[PDB]
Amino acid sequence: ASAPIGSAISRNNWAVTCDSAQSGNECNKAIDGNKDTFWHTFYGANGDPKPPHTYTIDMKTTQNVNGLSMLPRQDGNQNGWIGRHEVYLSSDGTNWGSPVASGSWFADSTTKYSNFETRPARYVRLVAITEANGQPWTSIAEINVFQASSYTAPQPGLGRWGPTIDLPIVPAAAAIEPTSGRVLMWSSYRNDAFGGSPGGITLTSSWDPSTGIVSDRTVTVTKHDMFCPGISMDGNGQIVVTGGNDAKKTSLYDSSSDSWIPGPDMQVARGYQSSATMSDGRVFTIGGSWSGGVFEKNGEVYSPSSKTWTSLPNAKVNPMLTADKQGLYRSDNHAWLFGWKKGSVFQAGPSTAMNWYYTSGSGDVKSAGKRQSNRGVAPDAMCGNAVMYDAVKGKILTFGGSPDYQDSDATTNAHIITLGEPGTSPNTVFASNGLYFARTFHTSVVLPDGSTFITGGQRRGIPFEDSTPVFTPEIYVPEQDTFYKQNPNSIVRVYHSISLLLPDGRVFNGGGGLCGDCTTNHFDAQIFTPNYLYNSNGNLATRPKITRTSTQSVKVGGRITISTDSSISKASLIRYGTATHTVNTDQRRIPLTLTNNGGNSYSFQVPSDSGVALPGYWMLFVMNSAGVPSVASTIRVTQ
């Protein structure tokens, strides 16, 4: 199950309108209180009018709406089950504006919801754009509207949440398809659960920011249930998904062909391990005792060229283990890994102990010291996040998490780690005064400007429970060494949520749950629009445009020339991300130094070090003096 974010509104006084209704299947059947009676559009003898179909509610009064429920026809028949939909609010009944929520509902008879940010409204409208099976009708047994306890206008200058994207599944794993710009999400063998999988199947779903279409697809070709895996975008631009429910499998997603390809089996079966792309396009993985057994799982490395997994037994997991109470089952999970110089992998935590992993010969691991500051040695921060916001200066921001995977209090601790040469002890200091809010299970993304957006989580880690939620996101401004609270959202994002940067510079935040019958499944996502996209008036700012790119594929050391429509002040490269269970080893930012060629023409050099400019796909963003970013240009960086 799922749940609405508010309280059901009294349907006493309501006035409802439909595009059609078959006698017996009248509009009002939908708000009668009887799950046995439903509204149904014309059929048979009345004809079969295709969708869109519409349900308009006049609540007669103004309420703080925050959601809606749609209980499908419970008579064993599928006819009229809403797939694609859009929800609109209106204070007047004429001017609706943009949908507050849209996406697709899974084809089943469970109550479906639309949770959205609170908005004062008198009129509601649900548009059924499609029928779950491609049929013409639309049926609704019961429809409810929810209200917030109160309404608080988002404050100016602190970004905005919305709209909500409804999905058929809990997006507990997501990636950005670099070629398409689509957000790819996967759950498990089921749309709402992982437990009891026969393995070999994965439900996936894609959201296209450009069209707003949510398209779903079952993957079986790779004979893998991709729940609880390792994710890395290799040197080739292919997404490497490893283990999880099918502990030894590897599945390869090729954005280019929009296809899933079976990969080689890992040497060791793992679940909940982290994997990281190396300076040579290879993928390194270590740990993962959630599945495939609980024992010391040393490193192994994947060669996209030979399509082999090679064990690196001397790349020892032991030094990176946290002191988790549940033991190894959790202690080797979600390592904060970063591919660095010369085939090295840096492990920034969660363990207090940081380490250098080497991939030559049978591997090696060297101690890089302890995460600490003037405030002390940092404790284990299981499920804390780690973001490399300046790969040129080797700057990594770390924050939140807790000593144990669950039933532990989250921290406010935040640190800056500055990496040097592999084998050396990096410098670590405290970040400002730490987070405004302790959190675990939160997610984060590095934005075009080098700031880090941090959202969701809870104060105390209790998987599948929406307790002690943090609704206030924070942004860390490196230049200022300051954290800034942003406008709060309304939907809890704890265990199993994700965040990804979209090519347009907005953040996609979604998921949480995946616990079957629980009422904590969130079959949605929301868009956060950072303040850099607005002007003072609260309207959207005008964005520089990249009118030209000399090439869309460059070698490390390579030079790119672009023309813009306006004079640009700054530019950055951001590696395409992948995310699951707080881990995102693919994203990183490179601040570029621009050569002003006159006539709004500029050139920049891509770092010559493939351990900085890890190969794969990147997004190029230009900023005007105002600080407004362009939408990204996609650049393939090859070694």
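The first residue of the shown sequence is 1; numbering continues from there.
- As listed in the deposited structure, the average C-alpha B-factor of 332-340 and of 363-371 is greater for 363-371.
- Per the PDB record, of the two stretches 564-572 and 424-432, 564-572 carries the greater mean B-factor over its C-alpha atoms.
- Of the residues listed, 153, 454, 158, 239, the entry assigns the biggest Cα temperature factor to 153.
- Highest CA B-factor among 134, 505, 510, 230, as stated in the entry: 134.
- Ranked by C-alpha B-factor against the other modelled residues of its chain, residue 258 falls in the highest third.
- Sorting the modelled residues of the chain by their CA temperature factor places residue 626 in the highest third.
- Per-chain ranking of the deposited C-alpha B factor places residue 390 in the lowest third.
- Per the deposited record, the Cα B-factor of residue 59 falls in the highest third when ranked against the other modelled residues of its chain.
- Ranked by Cα temperature factor within the chain, residue 611 sits in the lowest third according to the deposited record.
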